[PDB]
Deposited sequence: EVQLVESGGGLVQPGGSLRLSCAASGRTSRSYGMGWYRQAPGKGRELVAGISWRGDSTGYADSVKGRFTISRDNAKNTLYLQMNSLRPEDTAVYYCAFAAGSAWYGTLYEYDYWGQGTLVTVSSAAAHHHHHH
């Protein structure tokens, strides 16, 4: 089915910007999300988009700073990250969300990218 390759991570000063890319080599899904996981913390959904692209959601903490978009033709998902804060430091993952059966229930069967590290530090 599908391989997701992420790029665009890096080290930036507070207030800096990065653009993450999630290139889907192949095809399979209900939608597409960007997630992030900092050490000791869970994998937070920070931005989500529908197929038609007019349903976008954002975590409260990234509203007005992050923008999710898709290029149909390039099969590529993007996250534009502006006004980055130390607390945005995490590994960022793209996922294509599918469904699968488990003992009478549905669970989210995700196609996961490998992750791209974002570090926001005065050291940058």
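Annotation: deposited residues 29 to 30, 127 to 133 are not represented by C-alpha coordinates in the model.
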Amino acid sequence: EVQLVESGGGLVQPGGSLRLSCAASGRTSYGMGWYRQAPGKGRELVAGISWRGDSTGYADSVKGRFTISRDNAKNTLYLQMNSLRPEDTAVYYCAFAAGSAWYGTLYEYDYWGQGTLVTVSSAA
From here on, numbers count along this sequence of modelled residues.
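The PDB entry records a higher mean C-alpha B factor for 7 to 15 than for its counterpart among 7 to 15 and 103 to 111.
Two stretches are in play, 69 to 77 and 91 to 99, and the higher mean C-alpha B-factor belongs to 69 to 77. The top Cα temperature factor in the record, among 64, 53, 57, 33, falls on 53. In the PDB entry, residue 42 places in the middle third of its chain by CA B-factor.
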